[PDB]
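What follows is the content of coords-v7.pdb (PDB, C-alpha atoms and all ligand atoms).
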```
ATOM      1  CA  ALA P   1      18.988   6.272  34.094
ATOM      2  CA  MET P   2      17.381   4.015  36.898
ATOM      3  CA  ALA P   3      16.146   0.518  35.823
ATOM      4  CA  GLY P   4      13.706  -1.635  37.667
ATOM      5  CA  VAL P   5      10.907  -4.173  37.238
ATOM      6  CA  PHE P   6       7.508  -3.921  38.857
ATOM      7  CA  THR P   7       5.614  -7.140  38.979
ATOM      8  CA  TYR P   8       1.933  -7.634  39.546
ATOM      9  CA  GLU P   9      -0.212 -10.754  39.912
ATOM     10  CA  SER P  10      -3.737 -11.269  38.661
ATOM     11  CA  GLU P  11      -6.465 -13.988  38.274
ATOM     12  CA  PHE P  12      -9.628 -14.415  36.133
ATOM     13  CA  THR P  13     -11.860 -17.404  36.228
ATOM     14  CA  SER P  14     -13.554 -18.807  33.121
ATOM     15  CA  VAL P  15     -16.127 -21.584  32.566
ATOM     16  CA  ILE P  16     -14.198 -22.652  29.462
ATOM     17  CA  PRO P  17     -11.564 -25.384  30.046
ATOM     18  CA  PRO P  18      -8.014 -24.865  29.227
ATOM     19  CA  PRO P  19      -7.428 -26.616  26.079
ATOM     20  CA  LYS P  20     -10.333 -24.878  24.237
ATOM     21  CA  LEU P  21      -9.546 -21.464  25.765
ATOM     22  CA  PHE P  22      -5.975 -21.890  24.860
ATOM     23  CA  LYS P  23      -6.633 -22.530  21.223
ATOM     24  CA  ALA P  24      -8.902 -19.465  21.049
ATOM     25  CA  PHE P  25      -7.110 -16.898  23.185
ATOM     26  CA  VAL P  26      -3.608 -17.893  22.331
ATOM     27  CA  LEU P  27      -3.199 -19.855  19.190
ATOM     28  CA  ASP P  28      -5.915 -18.113  17.093
ATOM     29  CA  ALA P  29      -6.122 -14.761  18.853
ATOM     30  CA  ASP P  30      -4.639 -12.945  15.872
ATOM     31  CA  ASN P  31      -7.607 -13.704  13.503
ATOM     32  CA  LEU P  32     -10.245 -14.320  16.114
ATOM     33  CA  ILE P  33     -10.279 -11.060  17.889
ATOM     34  CA  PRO P  34     -10.381  -8.879  14.879
ATOM     35  CA  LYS P  35     -13.477 -10.838  13.798
ATOM     36  CA  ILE P  36     -15.396 -10.783  16.991
ATOM     37  CA  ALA P  37     -14.025  -7.543  18.554
ATOM     38  CA  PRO P  38     -13.138  -4.957  16.029
ATOM     39  CA  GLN P  39     -13.228  -2.162  18.619
ATOM     40  CA  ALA P  40     -10.577  -3.956  20.479
ATOM     41  CA  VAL P  41      -8.400  -4.969  17.623
ATOM     42  CA  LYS P  42      -8.434  -4.362  13.831
ATOM     43  CA  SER P  43      -5.715  -6.724  12.720
ATOM     44  CA  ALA P  44      -2.583  -8.558  13.579
ATOM     45  CA  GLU P  45       0.410  -9.507  11.479
ATOM     46  CA  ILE P  46       3.764 -11.138  11.808
ATOM     47  CA  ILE P  47       6.548  -8.691  11.197
ATOM     48  CA  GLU P  48       9.554 -10.997  12.092
ATOM     49  CA  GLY P  49      10.243 -14.582  13.077
ATOM     50  CA  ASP P  50       8.925 -18.025  12.058
ATOM     51  CA  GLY P  51       5.802 -17.889  14.274
ATOM     52  CA  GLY P  52       7.420 -19.638  17.137
ATOM     53  CA  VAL P  53       9.292 -18.215  20.002
ATOM     54  CA  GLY P  54      10.956 -14.984  19.236
ATOM     55  CA  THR P  55       8.362 -13.895  16.642
ATOM     56  CA  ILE P  56       7.313 -10.291  16.645
ATOM     57  CA  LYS P  57       3.797  -9.212  15.643
ATOM     58  CA  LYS P  58       2.440  -5.782  14.879
ATOM     59  CA  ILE P  59      -0.949  -5.555  16.264
ATOM     60  CA  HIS P  60      -3.261  -2.969  14.950
ATOM     61  CA  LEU P  61      -5.548  -1.787  17.644
ATOM     62  CA  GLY P  62      -9.101  -0.642  17.389
ATOM     63  CA  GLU P  63     -10.946   2.554  18.161
ATOM     64  CA  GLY P  64     -10.811   1.708  21.917
ATOM     65  CA  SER P  65      -7.125   2.597  21.732
ATOM     66  CA  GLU P  66      -7.326   5.475  19.245
ATOM     67  CA  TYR P  67      -6.165   3.038  16.482
ATOM     68  CA  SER P  68      -2.696   2.638  17.937
ATOM     69  CA  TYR P  69      -0.213  -0.297  17.399
ATOM     70  CA  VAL P  70       1.621  -2.576  19.745
ATOM     71  CA  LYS P  71       4.339  -4.977  18.924
ATOM     72  CA  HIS P  72       4.292  -8.327  20.694
ATOM     73  CA  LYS P  73       7.349 -10.447  21.156
ATOM     74  CA  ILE P  74       6.621 -14.065  21.659
ATOM     75  CA  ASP P  75       8.740 -15.208  24.657
ATOM     76  CA  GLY P  76       7.347 -18.671  24.969
ATOM     77  CA  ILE P  77       4.542 -21.095  24.233
ATOM     78  CA  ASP P  78       3.944 -24.441  25.895
ATOM     79  CA  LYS P  79       0.895 -25.929  24.183
ATOM     80  CA  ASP P  80       0.695 -28.797  26.635
ATOM     81  CA  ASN P  81       0.654 -26.970  29.851
ATOM     82  CA  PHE P  82      -1.210 -23.992  28.511
ATOM     83  CA  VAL P  83       1.383 -21.382  29.034
ATOM     84  CA  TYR P  84       2.062 -18.395  26.933
ATOM     85  CA  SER P  85       4.344 -15.468  27.549
ATOM     86  CA  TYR P  86       4.856 -12.448  25.335
ATOM     87  CA  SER P  87       6.183  -9.040  25.854
ATOM     88  CA  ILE P  88       4.815  -5.751  24.589
ATOM     89  CA  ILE P  89       7.924  -4.050  23.213
ATOM     90  CA  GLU P  90       6.627  -0.979  21.430
ATOM     91  CA  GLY P  91       3.448   0.876  21.345
ATOM     92  CA  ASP P  92       0.794   1.983  23.529
ATOM     93  CA  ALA P  93       2.100   2.346  27.112
ATOM     94  CA  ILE P  94       5.714   2.026  26.216
ATOM     95  CA  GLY P  95       7.084   5.461  26.927
ATOM     96  CA  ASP P  96       9.927   6.726  29.036
ATOM     97  CA  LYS P  97       8.489   5.863  32.461
ATOM     98  CA  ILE P  98       8.174   2.227  31.059
ATOM     99  CA  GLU P  99      10.121   0.394  28.400
ATOM    100  CA  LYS P 100       8.732  -3.114  28.047
ATOM    101  CA  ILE P 101       5.857  -4.993  29.598
ATOM    102  CA  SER P 102       6.014  -8.681  29.859
ATOM    103  CA  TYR P 103       3.348 -11.237  30.497
ATOM    104  CA  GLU P 104       3.279 -14.907  31.537
ATOM    105  CA  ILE P 105      -0.192 -16.417  31.244
ATOM    106  CA  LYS P 106      -0.949 -19.778  32.643
ATOM    107  CA  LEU P 107      -4.278 -21.558  32.265
ATOM    108  CA  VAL P 108      -5.177 -23.936  34.990
ATOM    109  CA  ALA P 109      -7.811 -26.550  35.051
ATOM    110  CA  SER P 110     -10.500 -25.949  37.535
ATOM    111  CA  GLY P 111     -13.590 -28.040  37.542
ATOM    112  CA  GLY P 112     -13.815 -28.197  33.780
ATOM    113  CA  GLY P 113     -13.509 -24.463  33.978
ATOM    114  CA  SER P 114     -10.195 -22.553  34.025
ATOM    115  CA  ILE P 115      -8.318 -20.175  36.214
ATOM    116  CA  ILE P 116      -6.220 -17.800  34.285
ATOM    117  CA  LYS P 117      -3.162 -16.807  36.129
ATOM    118  CA  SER P 118      -1.493 -13.799  34.883
ATOM    119  CA  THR P 119       1.837 -12.321  35.833
ATOM    120  CA  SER P 120       2.802  -8.951  34.478
ATOM    121  CA  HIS P 121       6.304  -7.350  34.645
ATOM    122  CA  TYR P 122       6.494  -3.681  33.966
ATOM    123  CA  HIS P 123      10.122  -2.967  33.085
ATOM    124  CA  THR P 124      10.603   0.577  34.500
ATOM    125  CA  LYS P 125      13.064   3.382  33.824
ATOM    126  CA  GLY P 126      13.529   6.305  36.174
ATOM    127  CA  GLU P 127      11.106   7.267  38.901
ATOM    128  CA  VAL P 128       8.353   4.899  39.547
ATOM    129  CA  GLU P 129       4.791   6.000  39.502
ATOM    130  CA  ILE P 130       2.403   3.140  39.721
ATOM    131  CA  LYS P 131      -1.142   4.011  40.604
ATOM    132  CA  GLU P 132      -3.715   1.605  42.160
ATOM    133  CA  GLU P 133      -5.983   2.939  39.294
ATOM    134  CA  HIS P 134      -3.495   2.411  36.398
ATOM    135  CA  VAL P 135      -3.470  -1.238  37.521
ATOM    136  CA  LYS P 136      -7.240  -1.688  37.940
ATOM    137  CA  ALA P 137      -7.547  -0.272  34.322
ATOM    138  CA  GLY P 138      -5.103  -2.644  32.641
ATOM    139  CA  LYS P 139      -6.772  -5.483  34.607
ATOM    140  CA  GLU P 140     -10.325  -4.597  33.595
ATOM    141  CA  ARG P 141      -9.053  -4.296  30.066
ATOM    142  CA  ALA P 142      -7.686  -7.805  29.992
ATOM    143  CA  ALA P 143     -10.726  -9.240  31.684
ATOM    144  CA  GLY P 144     -12.950  -7.425  29.288
ATOM    145  CA  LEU P 145     -11.275  -9.267  26.513
ATOM    146  CA  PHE P 146     -11.373 -12.788  28.160
ATOM    147  CA  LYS P 147     -15.074 -12.106  28.725
ATOM    148  CA  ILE P 148     -15.572 -11.318  25.055
ATOM    149  CA  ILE P 149     -13.869 -14.474  24.148
ATOM    150  CA  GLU P 150     -15.587 -16.609  26.778
ATOM    151  CA  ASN P 151     -18.990 -15.428  25.659
ATOM    152  CA  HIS P 152     -18.113 -15.910  22.097
ATOM    153  CA  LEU P 153     -17.247 -19.544  22.678
ATOM    154  CA  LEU P 154     -20.343 -20.109  24.720
ATOM    155  CA  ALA P 155     -22.392 -18.893  21.825
ATOM    156  CA  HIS P 156     -20.342 -20.885  19.262
ATOM    157  CA  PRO P 157     -19.663 -24.203  20.733
ATOM    158  CA  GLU P 158     -18.966 -25.588  17.355
ATOM    159  CA  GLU P 159     -15.615 -23.680  17.587
ATOM    160  CA  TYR P 160     -12.261 -24.800  18.958
ATOM    161  CA  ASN P 161     -12.898 -28.347  19.932
TER
HETATM  162  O1  LIG X 201      -7.932  -1.717  23.890
HETATM  163  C1  LIG X 201      -6.744  -2.378  23.919
HETATM  164  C2  LIG X 201      -5.565  -1.663  24.117
HETATM  165  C3  LIG X 201      -4.362  -2.348  24.130
HETATM  166  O2  LIG X 201      -3.136  -1.721  24.307
HETATM  167  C4  LIG X 201      -4.341  -3.723  23.944
HETATM  168  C5  LIG X 201      -5.541  -4.442  23.756
HETATM  169  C6  LIG X 201      -6.737  -3.767  23.758
HETATM  170  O3  LIG X 201      -5.545  -5.811  23.613
HETATM  171  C7  LIG X 201      -4.395  -6.238  22.961
HETATM  172  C8  LIG X 201      -4.318  -7.569  22.885
HETATM  173  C9  LIG X 201      -4.176  -8.364  24.041
HETATM  174  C10 LIG X 201      -3.992  -9.733  23.913
HETATM  175  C11 LIG X 201      -3.943 -10.238  22.600
HETATM  176  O4  LIG X 201      -3.772 -11.543  22.248
HETATM  177  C12 LIG X 201      -4.057  -9.422  21.503
HETATM  178  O5  LIG X 201      -3.956 -10.135  20.364
HETATM  179  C13 LIG X 201      -4.267  -8.047  21.612
HETATM  180  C14 LIG X 201      -3.220  -5.710  24.009
HETATM  181  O6  LIG X 201      -1.867  -6.133  23.752
HETATM  182  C15 LIG X 201      -3.069  -4.274  23.983
END
```

Take the structure in the file and write it out as structure tokens.
Amino acid sequence: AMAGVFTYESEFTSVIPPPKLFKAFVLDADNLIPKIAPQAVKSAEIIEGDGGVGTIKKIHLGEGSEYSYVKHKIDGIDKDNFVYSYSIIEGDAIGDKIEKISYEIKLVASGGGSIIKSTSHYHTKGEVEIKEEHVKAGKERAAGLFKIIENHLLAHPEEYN
């Protein structure tokens, strides 16, 4: 029956500045990734909402994740300060051990690069197993994807200006 929340903090740098990165990784992620990283993600669609806060999206994952869905709940967007927060509410790692996973992502200017500050909140249930390796994975995973994006924009500077 026991509820809890485990909360983890992570950072990535990028040479791409916030406002470009933001448009690519947040605002256009849904079409972009599927185009440049099919193994990551096949497609993404709005199930519910108006696209703003409170929208839910079914995201169709790629082979990397045995073609499994997740549903994302948009918790907030601030297009000015480059903040985005969304919770995974169904899908891959959302079992019994763990019931929602929530992210706040904050892009910070840093020398015409960015630092991507990421807070994740694993909403637990029952006993709490959290392995230094389960965290390293999920972290590598996210960074793998920012790297795909960063390198994509470096090779396509015509995009997201
Ligand atoms: O290989 C994977 C496995 C996953 O569970 C996920 C992956 C990639 O990336 C998905 C992802 C992450 C950020 C996104 O904007 C996105 O559209 C899709 C993430 O929610 C879940």

Quick check on the file I pasted: which residues fall under the PyMOL selection byres (((chain P and resi 75-85) around 7) and not hetatm)? Write them as a ChimeraX atom specification. /P:18,22,53-54,73-74,86-87,103-107

Residues matched by the PyMOL selection byres (((chain P and resi 117-126) around 7) and not hetatm), written as a ChimeraX atom specification
/P:1-12,96-107,115-116,127-128

>> For ligand LIG 201 (chain X), return the neighbouring residues as a count of residues only (distance at most 6 Å; all atoms listed in the file).
In response: 6

- the PyMOL selection byres (((chain P and resi 143-159) around 10) and not hetatm) resolved against shown file, as a PyMOL selection string: chain P and resi 11-16+20-21+23-25+29+32-33+36-37+40+116+137-142+160-161

Shell of 9 Å around residue P:31, all atoms listed in the file, local chain residues under 3 positions omitted, as a list in words
residues 28, 34, 35, 43 and 44 of chain P

In Å to one decimal, how far is atom CA of residue P:61 from atom CA of residue P:49?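 So the answer is 20.8 Å.
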